[PDB]
Amino acid sequence: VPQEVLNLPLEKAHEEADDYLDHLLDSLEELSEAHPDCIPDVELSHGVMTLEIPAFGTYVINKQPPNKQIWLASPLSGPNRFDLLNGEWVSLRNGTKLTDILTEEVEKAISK
Amino acid sequence: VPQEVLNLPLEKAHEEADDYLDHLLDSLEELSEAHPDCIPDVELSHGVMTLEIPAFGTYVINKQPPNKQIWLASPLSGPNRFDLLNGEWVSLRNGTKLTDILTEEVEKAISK
Amino acid sequence: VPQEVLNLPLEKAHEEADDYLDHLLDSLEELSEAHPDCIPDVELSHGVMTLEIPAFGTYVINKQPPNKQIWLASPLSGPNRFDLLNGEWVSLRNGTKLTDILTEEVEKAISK
Ligand SMILES: [Co+2]
Ligand SMILES: [Co+2]
Ligand SMILES: [Co+2]
């Protein structure tokens with residue numbers, strides 16, 4: 001019934017997971033230079049993001065319906081799922097930032 | 001297969017968000033007296049509740065499918081989304097009770 | 001587009017609730033010996049598990065779509081719903097492990 005809501009420059013919020021992934025893509029395809037191209041490819045299609053790291057295998061990162069929201073399948077650290085706590089994404093299993101998991105794993109490759 | 005469950009005075013639980021909103025409506029349309037009618041209207045239709053506060057703009061409060069459950073769009077403090085912690089509703093972003101956000105904002109109007 | 005993901009021995013993850021319930025069933029139908037058969041039956045069909053405890057009434061335990069995931073209806077302690085925290089399931093209301101609720105309630109029967 002109210003109008004003084006839809007004459008605002010109105011907008012559907014983003015999906016909180018969607019926003020993480022897009023920020024990860026340009027953070028990661030930027031890191032897709034600091035390899036001797038031994039982390040050669042990262043692609044994101046429809047909330048599925050694949051990350052080729054030949055040293056370990058291939059990563060798959062998902063948007064997922066909840067008992068939680070972002071799903072990580074690590075060729076190295078295994079599978080894990082994450083939901084928002086205080087505005088960072090966190091393992092339901094134990095509570096670790098996936099930011100940290102990815103961070104560590106990515107840079108364990110740069111060593112090689 | 002068991003009967004001694006359905007000869008109980010049986011009942012579908014409520015939606016936890018639904019219960020919050022109904023409690024907010026009579027808490028707020030009661031506060032729709034303690035204004036010099038400068039918070040003139042509050043309506044709740046189908047899990048959408050609008051709150052007119054001319055001083056700031058119009059509030060919209062939603063039931064929402066999860067990465068969390070109650071969605072707040074504040075003409076003043078902006079958007080935010082909330083899920084249950086220990087039986088109160090809490091910003092996924094930072095962890096603040098929306099009870100508090102609403103409380104503060106409502107009474108920042110009573111000042112005027 | 002990537003193959004070196006689907007020539008892995010691939011697998012859909014389980015539902016975190018599903019895994020809890022299956023572990024509860026054999027933990028409970030094992031306890032369906034340590035009664036003077038006064039906790040005579042426990043059945044699990046399609047993510048609905050019923051538990052007959054004549055002393056108190058019948059329990060129903062559910063897989064549920066979220067503002068949380070496992071739903072408990074206790075003939076004794078009432079209803080409650082639970083989501084993962086740090087890999088254990090926890091009352092949204094107050095934060096107690098349902099493991100504990102069930103544990104206590106089950107063994108309050110063994111007293112009799
Ligand atoms: Co969480
Ligand atoms: Co929460
Ligand atoms: Co929780």
# chains A, B, ... in the order shown; residues from 1 in each chain; ligands from 1
call {"tool": "closest_atom_pairs", "arguments": {"of": "chain A", "to": "chain B", "cutoff": "9 Å", "atoms": "only C-alpha atoms", "output": "tab-separated table"}}
result
residue	atom	partner	partner_atom	distance
A:2	CA	B:50	CA	7.9
A:4	CA	B:58	CA	6.9
A:5	CA	B:58	CA	6.4
A:13	CA	B:79	CA	8.5
A:15	CA	B:67	CA	8.2
A:16	CA	B:67	CA	7.4
A:17	CA	B:67	CA	8.2
A:65	CA	B:66	CA	8.2
A:66	CA	B:66	CA	7.0
A:68	CA	B:67	CA	7.1
A:69	CA	B:67	CA	6.3
A:83	CA	B:67	CA	7.2
A:84	CA	B:92	CA	6.2
A:85	CA	B:92	CA	5.9
A:86	CA	B:94	CA	4.6
A:87	CA	B:93	CA	4.2
A:88	CA	B:93	CA	7.9
call {"tool": "closest_residue", "arguments": {"among": "A:21, A:10, A:53, A:1", "to": "residue 106 of chain A", "atoms": "only C-alpha atoms"}}
result
A:53
call {"tool": "closest_residue", "arguments": {"among": "A:89, A:35, A:111, A:105", "to": "ligand 2", "atoms": "only C-alpha atoms and all ligand atoms"}}
result
A:89
call {"tool": "closest_residue", "arguments": {"among": "A:103, A:70, A:76, A:109", "to": "ligand 1", "atoms": "only C-alpha atoms and all ligand atoms"}}
result
A:70
call {"tool": "atom_distance", "arguments": {"atom1": "atom CA of residue 77 of chain C", "atom2": "atom CA of residue 22 of chain B"}}
result
25.5 Å
call {"tool": "closest_residue", "arguments": {"among": "B:82, B:47, B:98, B:104", "to": "ligand 1", "atoms": "only C-alpha atoms and all ligand atoms"}}
result
B:82
call {"tool": "atom_distance", "arguments": {"atom1": "atom CA of residue 107 of chain A", "atom2": "atom CA of residue 36 of chain A"}}
result
12.7 Å
call {"tool": "select_by_dssp", "arguments": {"residues": "chain C", "states": "helix (DSSP H, G or I)", "output": "compact mmCIF listing (two decimals) with N, CA and C atoms, in the first residue's frame"}}
result
# COMPACT_ATOMS: atom_id res chain seq x y z
N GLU C 16 24.02 -32.80 6.98
CA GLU C 16 24.55 -32.84 8.34
C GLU C 16 23.52 -33.40 9.36
N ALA C 17 22.26 -32.96 9.28
CA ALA C 17 21.19 -33.56 10.11
C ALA C 17 21.03 -35.08 9.93
N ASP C 18 21.10 -35.55 8.69
CA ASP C 18 20.94 -36.97 8.39
C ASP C 18 21.95 -37.80 9.15
N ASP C 19 23.18 -37.30 9.18
CA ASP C 19 24.25 -38.00 9.83
C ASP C 19 24.04 -38.06 11.33
N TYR C 20 23.51 -37.00 11.93
CA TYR C 20 23.22 -37.01 13.36
C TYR C 20 22.22 -38.09 13.71
N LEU C 21 21.11 -38.10 12.98
CA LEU C 21 20.01 -39.02 13.23
C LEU C 21 20.40 -40.49 13.12
N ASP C 22 21.21 -40.84 12.14
CA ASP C 22 21.64 -42.24 11.95
C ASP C 22 22.51 -42.68 13.10
N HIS C 23 23.36 -41.77 13.57
CA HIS C 23 24.21 -42.01 14.73
C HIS C 23 23.38 -42.10 16.00
N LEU C 24 22.26 -41.37 16.05
CA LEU C 24 21.36 -41.41 17.19
C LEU C 24 20.59 -42.73 17.23
N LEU C 25 20.16 -43.20 16.06
CA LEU C 25 19.40 -44.43 15.96
C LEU C 25 20.14 -45.64 16.53
N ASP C 26 21.37 -45.89 16.09
CA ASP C 26 22.11 -47.03 16.64
C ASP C 26 22.64 -46.79 18.06
N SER C 27 22.74 -45.52 18.46
CA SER C 27 23.08 -45.20 19.84
C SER C 27 21.87 -45.44 20.75
N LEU C 28 20.68 -45.33 20.17
CA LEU C 28 19.43 -45.38 20.91
C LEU C 28 18.81 -46.75 20.86
N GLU C 29 18.86 -47.42 19.71
CA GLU C 29 18.35 -48.79 19.66
C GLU C 29 19.33 -49.77 20.31
N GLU C 30 20.55 -49.30 20.58
CA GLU C 30 21.48 -50.01 21.45
C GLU C 30 21.04 -49.82 22.90
N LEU C 31 20.64 -48.59 23.24
CA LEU C 31 20.01 -48.29 24.53
C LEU C 31 18.62 -48.92 24.64
N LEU C 98 21.55 -30.77 22.02
CA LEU C 98 20.39 -31.64 22.15
C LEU C 98 20.88 -33.01 22.58
N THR C 99 22.09 -33.37 22.13
CA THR C 99 22.82 -34.51 22.70
C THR C 99 22.57 -34.57 24.22
N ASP C 100 22.81 -33.47 24.93
CA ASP C 100 22.59 -33.38 26.39
C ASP C 100 21.14 -33.54 26.84
N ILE C 101 20.24 -32.82 26.19
CA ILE C 101 18.81 -32.96 26.43
C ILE C 101 18.35 -34.42 26.33
N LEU C 102 18.67 -35.06 25.21
CA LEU C 102 18.33 -36.46 24.98
C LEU C 102 18.98 -37.35 26.00
N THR C 103 20.30 -37.24 26.11
CA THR C 103 21.09 -37.91 27.14
C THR C 103 20.41 -37.88 28.52
N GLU C 104 20.14 -36.69 29.04
CA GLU C 104 19.51 -36.55 30.35
C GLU C 104 18.16 -37.22 30.40
N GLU C 105 17.31 -36.91 29.42
CA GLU C 105 15.95 -37.43 29.41
C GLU C 105 15.85 -38.95 29.31
N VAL C 106 16.62 -39.53 28.39
CA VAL C 106 16.75 -40.98 28.26
C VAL C 106 17.10 -41.62 29.60
N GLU C 107 18.11 -41.08 30.28
CA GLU C 107 18.58 -41.69 31.52
C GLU C 107 17.75 -41.30 32.76
N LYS C 108 16.84 -40.34 32.60
CA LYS C 108 15.85 -40.09 33.64
C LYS C 108 14.80 -41.21 33.62
N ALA C 109 14.72 -41.93 32.50
CA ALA C 109 13.85 -43.10 32.37
C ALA C 109 14.48 -44.34 33.00
N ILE C 110 15.78 -44.53 32.76
CA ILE C 110 16.51 -45.66 33.33
C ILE C 110 16.43 -45.71 34.88
call {"tool": "atom_distance", "arguments": {"atom1": "atom CA of residue 71 of chain B", "atom2": "atom CA of residue 44 of chain B"}}
result
14.0 Å
call {"tool": "select_by_dssp", "arguments": {"residues": "segment 26-104 of chain A", "states": "strand (DSSP E or B)", "output": "VMD selection string"}}
result
chain A and resid 41 to 44 48 to 53 57 to 63 70 to 74 78 to 84 89 to 91 97
call {"tool": "write_last_selection", "arguments": {"atoms": "N, CA and C atoms", "output": "mmCIF file, in the first residue's frame"}}
result
data_model
loop_
_atom_site.group_PDB
_atom_site.id
_atom_site.type_symbol
_atom_site.label_atom_id
_atom_site.label_comp_id
_atom_site.auth_asym_id
_atom_site.auth_seq_id
_atom_site.Cartn_x
_atom_site.Cartn_y
_atom_site.Cartn_z
ATOM 1 N N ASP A 41 44.462 -21.422 -13.618
ATOM 2 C CA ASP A 41 43.095 -21.045 -13.963
ATOM 3 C C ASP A 41 42.136 -20.976 -12.776
ATOM 4 N N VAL A 42 41.238 -19.997 -12.835
ATOM 5 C CA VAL A 42 40.163 -19.842 -11.873
ATOM 6 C C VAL A 42 38.949 -19.368 -12.656
ATOM 7 N N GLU A 43 37.862 -20.134 -12.627
ATOM 8 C CA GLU A 43 36.634 -19.728 -13.324
ATOM 9 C C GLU A 43 35.402 -19.761 -12.410
ATOM 10 N N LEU A 44 34.480 -18.828 -12.642
ATOM 11 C CA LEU A 44 33.242 -18.702 -11.859
ATOM 12 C C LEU A 44 32.060 -18.527 -12.803
ATOM 13 N N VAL A 48 29.227 -21.437 -9.139
ATOM 14 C CA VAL A 48 30.248 -22.476 -9.012
ATOM 15 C C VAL A 48 31.562 -21.889 -9.467
ATOM 16 N N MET A 49 32.543 -21.933 -8.575
ATOM 17 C CA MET A 49 33.882 -21.497 -8.899
ATOM 18 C C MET A 49 34.894 -22.633 -8.773
ATOM 19 N N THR A 50 35.630 -22.860 -9.859
ATOM 20 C CA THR A 50 36.675 -23.861 -9.882
ATOM 21 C C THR A 50 38.024 -23.160 -9.843
ATOM 22 N N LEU A 51 38.965 -23.758 -9.118
ATOM 23 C CA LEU A 51 40.316 -23.230 -9.008
ATOM 24 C C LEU A 51 41.342 -24.333 -9.246
ATOM 25 N N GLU A 52 42.044 -24.265 -10.382
ATOM 26 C CA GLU A 52 43.103 -25.240 -10.722
ATOM 27 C C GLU A 52 44.420 -24.915 -10.016
ATOM 28 N N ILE A 53 44.857 -25.825 -9.155
ATOM 29 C CA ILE A 53 46.144 -25.718 -8.499
ATOM 30 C C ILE A 53 46.761 -27.103 -8.653
ATOM 31 N N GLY A 57 45.444 -30.302 -6.829
ATOM 32 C CA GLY A 57 44.247 -30.838 -7.458
ATOM 33 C C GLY A 57 43.373 -29.655 -7.805
ATOM 34 N N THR A 58 42.070 -29.870 -7.966
ATOM 35 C CA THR A 58 41.213 -28.730 -8.291
ATOM 36 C C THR A 58 40.208 -28.422 -7.183
ATOM 37 N N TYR A 59 40.040 -27.138 -6.891
ATOM 38 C CA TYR A 59 39.115 -26.690 -5.865
ATOM 39 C C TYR A 59 37.758 -26.463 -6.495
ATOM 40 N N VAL A 60 36.705 -26.784 -5.751
ATOM 41 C CA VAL A 60 35.366 -26.372 -6.136
ATOM 42 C C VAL A 60 34.713 -25.614 -4.983
ATOM 43 N N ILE A 61 34.182 -24.428 -5.286
ATOM 44 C CA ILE A 61 33.518 -23.577 -4.284
ATOM 45 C C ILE A 61 32.075 -23.214 -4.712
ATOM 46 N N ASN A 62 31.138 -23.517 -3.816
ATOM 47 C CA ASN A 62 29.725 -23.496 -4.093
ATOM 48 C C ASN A 62 28.935 -22.533 -3.272
ATOM 49 N N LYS A 63 27.926 -21.958 -3.908
ATOM 50 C CA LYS A 63 26.769 -21.434 -3.220
ATOM 51 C C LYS A 63 25.889 -22.664 -2.880
ATOM 52 N N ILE A 70 28.164 -21.338 2.051
ATOM 53 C CA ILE A 70 29.230 -21.549 1.064
ATOM 54 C C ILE A 70 29.913 -22.892 1.297
ATOM 55 N N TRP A 71 29.997 -23.687 0.237
ATOM 56 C CA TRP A 71 30.565 -25.011 0.332
ATOM 57 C C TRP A 71 31.910 -25.044 -0.338
ATOM 58 N N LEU A 72 32.910 -25.522 0.405
ATOM 59 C CA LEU A 72 34.284 -25.669 -0.072
ATOM 60 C C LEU A 72 34.663 -27.136 -0.159
ATOM 61 N N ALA A 73 35.196 -27.520 -1.317
ATOM 62 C CA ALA A 73 35.769 -28.843 -1.524
ATOM 63 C C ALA A 73 37.228 -28.645 -1.881
ATOM 64 N N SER A 74 38.112 -28.937 -0.932
ATOM 65 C CA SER A 74 39.535 -28.728 -1.144
ATOM 66 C C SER A 74 40.274 -30.019 -1.474
ATOM 67 N N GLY A 78 40.260 -31.097 2.127
ATOM 68 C CA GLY A 78 38.946 -31.753 2.115
ATOM 69 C C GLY A 78 37.780 -30.783 1.990
ATOM 70 N N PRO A 79 36.560 -31.243 2.345
ATOM 71 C CA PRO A 79 35.305 -30.491 2.246
ATOM 72 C C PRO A 79 34.996 -29.704 3.518
ATOM 73 N N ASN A 80 34.222 -28.634 3.399
ATOM 74 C CA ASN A 80 33.832 -27.850 4.577
ATOM 75 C C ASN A 80 32.740 -26.846 4.236
ATOM 76 N N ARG A 81 31.894 -26.485 5.196
ATOM 77 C CA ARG A 81 30.848 -25.526 4.863
ATOM 78 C C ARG A 81 30.720 -24.417 5.870
ATOM 79 N N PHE A 82 30.293 -23.263 5.356
ATOM 80 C CA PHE A 82 30.518 -21.980 6.008
ATOM 81 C C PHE A 82 29.274 -21.118 6.031
ATOM 82 N N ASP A 83 29.043 -20.454 7.151
ATOM 83 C CA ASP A 83 27.967 -19.483 7.237
ATOM 84 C C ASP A 83 28.507 -18.229 7.914
ATOM 85 N N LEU A 84 27.824 -17.110 7.714
ATOM 86 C CA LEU A 84 28.179 -15.827 8.335
ATOM 87 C C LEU A 84 28.145 -15.812 9.865
ATOM 88 N N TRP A 89 32.909 -15.490 7.025
ATOM 89 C CA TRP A 89 32.429 -16.823 6.743
ATOM 90 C C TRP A 89 33.265 -17.866 7.445
ATOM 91 N N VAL A 90 32.569 -18.831 8.027
ATOM 92 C CA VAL A 90 33.105 -19.611 9.115
ATOM 93 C C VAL A 90 32.675 -21.083 9.049
ATOM 94 N N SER A 91 33.629 -21.983 9.258
ATOM 95 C CA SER A 91 33.374 -23.417 9.270
ATOM 96 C C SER A 91 32.309 -23.764 10.298
ATOM 97 N N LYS A 97 37.650 -19.269 9.668
ATOM 98 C CA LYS A 97 37.407 -18.445 8.470
ATOM 99 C C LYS A 97 37.875 -19.201 7.236
#
